[PDB]
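Let me begin by presenting the structure, written as structure tokens, before commenting on it.
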Amino acid sequence: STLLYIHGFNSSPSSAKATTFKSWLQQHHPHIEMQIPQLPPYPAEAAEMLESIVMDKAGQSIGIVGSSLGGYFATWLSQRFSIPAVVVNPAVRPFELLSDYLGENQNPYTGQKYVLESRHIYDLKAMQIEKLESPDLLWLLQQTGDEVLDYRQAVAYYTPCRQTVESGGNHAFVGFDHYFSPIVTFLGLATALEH
């Protein structure tokens, strides 16, 4: 099986939630491949790279976890290719917040400098899914303490989906480790049929 982790804006595989998850997965589920790609800064490119990884593993068991903007990408991927996904404090309308991020930018971890343009916003916006066709595939993890995103949008948008809403906390999501095992089970990446 494969666990595809999708990081957020100006982030990278060094994301805390990803590295801690990877260490845990290594001890408890060594046969689960943890894929945490470094996403390019452009929406279309990031989407194509993510789609390519999916089709390389769609034959076997594959599940996705996406945080912040990564949750938007995860949702798109999930519904389009019918893949289970857990979205952590996901951006529902990232095209709105990123419009304020237009212009010169730099990924502090890769050092890559880029210019976020309006067309990039269009590309992200074009991925918007107004009606979830396969809600049973999504699981929303959200903390109302998030000061980057307004939890209301996520709670309403993922209404037909399983949800775990915690009051307090923050955008980074405090205590993500508690969900490691629940996530593997939700994504159906482990099995006991061979025990």
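Residue names in the structure tokens use chain letters A, B, ... in the order shown, residue numbers from 1 in each chain, and ligand numbers from 1 in the order shown.
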Self-check item: Residue neighbourhood residue A:91, 8 Å, only C-alpha atoms, exclusion window fewer than 4 positions, as a list in words
Solution: residues 68, 69, 70, 71, 72, 149 and 154 of chain A
Given the selection you just returned, output its residues as a file containing N, CA and C atoms, formatted as a PDB file, in the first residue's frame.
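Generated file (selection.pdb):
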ATOM      1  N   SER A  68      -3.815  21.827   5.056  1.00  0.00           N
ATOM      2  CA  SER A  68      -3.902  23.196   4.551  1.00  0.00           C
ATOM      3  C   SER A  68      -4.252  23.145   3.070  1.00  0.00           C
ATOM      4  N   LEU A  69      -3.443  23.799   2.246  1.00  0.00           N
ATOM      5  CA  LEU A  69      -3.684  23.805   0.809  1.00  0.00           C
ATOM      6  C   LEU A  69      -3.612  22.375   0.287  1.00  0.00           C
ATOM      7  N   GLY A  70      -2.778  21.561   0.933  1.00  0.00           N
ATOM      8  CA  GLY A  70      -2.646  20.170   0.534  1.00  0.00           C
ATOM      9  C   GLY A  70      -3.972  19.444   0.635  1.00  0.00           C
ATOM     10  N   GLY A  71      -4.822  19.905   1.548  1.00  0.00           N
ATOM     11  CA  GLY A  71      -6.131  19.291   1.714  1.00  0.00           C
ATOM     12  C   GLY A  71      -7.035  19.576   0.525  1.00  0.00           C
ATOM     13  N   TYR A  72      -6.807  20.706  -0.136  1.00  0.00           N
ATOM     14  CA  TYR A  72      -7.594  21.079  -1.308  1.00  0.00           C
ATOM     15  C   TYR A  72      -7.188  20.125  -2.435  1.00  0.00           C
ATOM     16  N   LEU A 149      -7.453  29.685   8.630  1.00  0.00           N
ATOM     17  CA  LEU A 149      -8.704  29.381   7.952  1.00  0.00           C
ATOM     18  C   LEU A 149      -9.870  29.387   8.934  1.00  0.00           C
ATOM     19  N   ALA A 154     -14.966  24.660   6.240  1.00  0.00           N
ATOM     20  CA  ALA A 154     -14.674  23.227   6.165  1.00  0.00           C
ATOM     21  C   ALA A 154     -15.823  22.377   6.706  1.00  0.00           C
TER      22      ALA A 154
END
Quiz item: Where in stretch 41-100 of chain A does DSSP assign strand (DSSP E or B), given as an NGL selection string?
Solution: :A and (62-67 or 85-88)
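If you count only C-alpha atoms and ignore residues fewer than 2 places along the chain from stretch 155-170 of chain A, what sits within 7 Å of it is residues 135, 136, 138, 139, 140, 141, 142, 143, 144, 145, 146, 147, 151, 152, 153, 172, 173 and 174 of chain A.
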Output N, CA, C and O atoms for every residue in that selection, as a CSV table (one decimal), in the first residue's frame.
chain,number,residue,atom,x,y,z
A,135,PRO,N,-18.5,11.4,-1.0
A,135,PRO,CA,-18.2,11.8,0.3
A,135,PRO,C,-17.7,10.8,1.3
A,135,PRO,O,-16.9,11.1,2.2
A,136,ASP,N,-18.1,9.5,1.1
A,136,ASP,CA,-17.7,8.5,2.0
A,136,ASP,C,-16.2,8.3,1.9
A,136,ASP,O,-15.6,7.6,2.8
A,138,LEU,N,-14.0,10.8,2.1
A,138,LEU,CA,-13.3,11.9,2.8
A,138,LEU,C,-13.5,11.9,4.3
A,138,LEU,O,-14.6,11.6,4.8
A,139,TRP,N,-12.5,12.3,5.0
A,139,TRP,CA,-12.5,12.4,6.5
A,139,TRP,C,-11.9,13.7,6.9
A,139,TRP,O,-10.7,13.9,6.6
A,140,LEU,N,-12.7,14.6,7.4
A,140,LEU,CA,-12.2,16.0,7.8
A,140,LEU,C,-11.7,16.0,9.3
A,140,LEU,O,-12.5,15.6,10.2
A,141,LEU,N,-10.5,16.5,9.5
A,141,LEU,CA,-10.0,16.7,10.8
A,141,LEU,C,-9.8,18.2,10.9
A,141,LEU,O,-9.1,18.8,10.0
A,142,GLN,N,-10.5,18.9,11.8
A,142,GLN,CA,-10.4,20.3,11.9
A,142,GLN,C,-10.4,20.8,13.4
A,142,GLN,O,-11.1,20.3,14.3
A,143,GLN,N,-9.6,21.9,13.6
A,143,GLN,CA,-9.6,22.5,14.9
A,143,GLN,C,-10.1,23.9,14.7
A,143,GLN,O,-9.6,24.7,13.9
A,144,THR,N,-11.1,24.3,15.5
A,144,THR,CA,-11.7,25.6,15.5
A,144,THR,C,-10.7,26.8,15.8
A,144,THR,O,-10.9,27.9,15.5
A,145,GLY,N,-9.6,26.4,16.5
A,145,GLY,CA,-8.6,27.4,16.9
A,145,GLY,C,-7.8,27.9,15.7
A,145,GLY,O,-7.0,28.8,15.9
A,146,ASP,N,-8.0,27.3,14.6
A,146,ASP,CA,-7.3,27.7,13.3
A,146,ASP,C,-7.4,29.2,13.1
A,146,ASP,O,-8.5,29.6,12.9
A,147,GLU,N,-6.3,29.9,13.0
A,147,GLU,CA,-6.4,31.3,12.8
A,147,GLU,C,-6.0,31.7,11.4
A,147,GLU,O,-6.0,32.9,11.0
A,151,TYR,N,-12.9,27.6,10.3
A,151,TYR,CA,-13.4,26.3,10.4
A,151,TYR,C,-14.8,26.1,9.8
A,151,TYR,O,-15.2,25.0,9.2
A,152,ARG,N,-15.7,27.1,9.9
A,152,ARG,CA,-17.0,27.1,9.3
A,152,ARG,C,-17.1,26.6,7.9
A,152,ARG,O,-17.9,25.7,7.6
A,153,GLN,N,-16.2,27.1,7.1
A,153,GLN,CA,-16.2,26.7,5.7
A,153,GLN,C,-15.9,25.2,5.5
A,153,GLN,O,-16.7,24.5,4.8
A,172,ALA,N,-1.8,24.4,12.3
A,172,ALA,CA,-0.8,23.3,12.2
A,172,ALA,C,-1.4,22.0,12.7
A,172,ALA,O,-0.9,20.9,12.4
A,173,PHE,N,-2.4,22.1,13.5
A,173,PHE,CA,-3.1,21.0,14.1
A,173,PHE,C,-2.3,20.4,15.2
A,173,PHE,O,-1.4,19.6,15.0
A,174,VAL,N,-2.7,20.7,16.5
A,174,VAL,CA,-2.1,20.1,17.6
A,174,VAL,C,-2.5,18.7,17.9
A,174,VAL,O,-3.6,18.4,17.8
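Of the listed residues (A:132, A:105, A:76, A:178), A:178 comes nearest to residue A:17; the distances count only C-alpha atoms.
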Quiz prompt | Polymer residues at most 6 Å from stretch 27-36 of chain A, only C-alpha atoms, same-chain spacing of 6 or more positions, as number ranges by chain | solution = A: 1-5, 13
Exercise. Could you give me, as a PyMOL selection string, each residue of stretch 32-190 of chain A that DSSP assigns to helix (DSSP H, G or I) when run on this structure's backbone?
Key: chain A and resi 43-57+69-80+94-101+118-125+135-137+151-157+176-186
Practice problem: Pick out the residues sitting within 8 Å of stretch 51-66 of chain A, and hand them over as number ranges by chain; count only C-alpha atoms, and ignore anything fewer than 5 positions along from it in its own chain. | Solution: A: 1-8, 71-74, 77-78, 83-88, 90, 187-189
Exercise. Go ahead and compute the interatomic distance for atom CA of residue A:119 and atom CA of residue A:103, in Å to one decimal.
Key: 11.9 Å
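Distances from A:130, A:21, A:10, A:46 to residue A:101 were compared using only C-alpha atoms, and the smallest one belongs to A:10.
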